[PDB]
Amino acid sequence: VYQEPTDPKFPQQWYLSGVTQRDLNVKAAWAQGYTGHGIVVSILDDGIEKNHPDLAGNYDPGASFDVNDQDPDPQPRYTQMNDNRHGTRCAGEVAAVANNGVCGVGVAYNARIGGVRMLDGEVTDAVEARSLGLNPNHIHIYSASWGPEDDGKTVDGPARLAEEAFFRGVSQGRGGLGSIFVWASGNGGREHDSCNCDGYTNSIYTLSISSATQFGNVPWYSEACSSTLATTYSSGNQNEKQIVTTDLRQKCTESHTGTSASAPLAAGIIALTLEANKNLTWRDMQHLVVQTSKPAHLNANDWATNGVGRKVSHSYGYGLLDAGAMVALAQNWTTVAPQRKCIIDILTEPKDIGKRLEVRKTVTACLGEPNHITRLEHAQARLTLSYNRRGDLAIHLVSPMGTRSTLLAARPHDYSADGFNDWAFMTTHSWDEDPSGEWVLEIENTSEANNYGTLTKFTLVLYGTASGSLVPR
């Protein structure tokens, strides 16, 4: 009985529906009756063309603001180079109108869509905070495709107001269920960037998304890191198809690209999922993504099976989002227990790094205490170290269940002598593992240079619960 959209470019949206099995299985969710009705998504970007013929029908002024000019109207600034086209492209990915003879369709083509104009101007900590904290009892899902420079030498994350906005969002947002922050993992592939050096995507509060090409490969622009949760399709080489969406000046484009296109698609899938269960918390949503995402047909040289039997890659996280499976699992989902936080100060003395440093530590993960964790979610190694050339370092963390997470890969362009100042390297790869036992931190000099430095602090921070495990996969 379900009739798929008749829009003129819907057949070119290969990532939504295909015979191939090389899609996000979104039609299966639509057929179950989930199209995004009642869900509100906001694009945090350079503005949104609210009068676009494929966005006007779903546009929501309540999900919108202009932080750059301080007014409610997020209309893009028009220029000859069409610089401010990105928010409009992203909005169409989430929620372009269906069955209206214009362009293609959104993943959640019945959701409401807004945008925050905040990239077109000086982007301070305050600007970020006011955008992340926009109408958090009206907006359900935020999508952001921006972050620290992808030059492969930057280490940067949210400053105080922005970090406060994240904690207020997940704590009190959406009636206490928590704002859903969907984030693009980065486009610094060409610069050999490592996305744990981006504090926005590396955050536990953001649901971070990477890209795969049409033929199932790691795109040129992709950044690998342990903080990434999952993947959606985006662009690749010039024989591979691209993203079809709404463009500036009321146009339709078939050439939207990069990881910045992957986050909105994920945000759309998350909107469908929220429609299927409005009671899902921000942590519930990340559990659903971990359990339902699909590695199959994604090519990577680093696929590994973790302690509970799930395949995970630093390029793809747990794999391709599966909309049909997300909405199915959401319906009878039992809310996870309150989040526990176990803090373990590892070092008894500073340690010289030299050519290689290995730190072994057996932990009880707060045994006997209210923060006792037997089911891991995120894990962080918060490190403070000095080093003469930061990009020569590679850092790995091994869980008691034997799962080796790359916290930091060599970054050839990172010549900084500034080291890391309590930087919270995060991994999702040990999700649902029991964290009791021996953890191993490995720091190594990947270059032939006589480098030098000292690790002065290593805090292992474990998040999770002590109840509700599934039989391993």
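Residues carry their position along the shown sequence, with the first being 1.
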- Message: Tell me which stretch has the larger mean Cα B-factor in this entry, 81-89 or 221-229.
- Response: 81-89
- Item | Mean C-alpha temperature factor, higher of 53-61 and 427-435 | 53-61
- Message: Among the choices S262, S208, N100, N299, identify the one whose CA B-factor in the record is greatest.
- Response: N100
- In the PDB entry, which of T465, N450, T456, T459 has its C-alpha at the highest B-factor? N450
- What third of its chain's C-alpha B-factors does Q242 belong to: lowest, middle or highest? highest
- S42's Cα B-factor: lowest, middle or highest third of the chain? lowest
- Message: Based on the deposited C-alpha B factors for this chain, I'd like to know if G189 is in the lowest, middle or highest third.
- Response: lowest
- Query: Is the Cα B-factor recorded for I443 in the lowest, middle or highest third of its chain?
  - Reply: middle
- Consider only the C-alpha atoms of the modelled residues in this chain, order them by B-factor as the entry records it, and name the third containing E275: lowest, middle or highest. middle
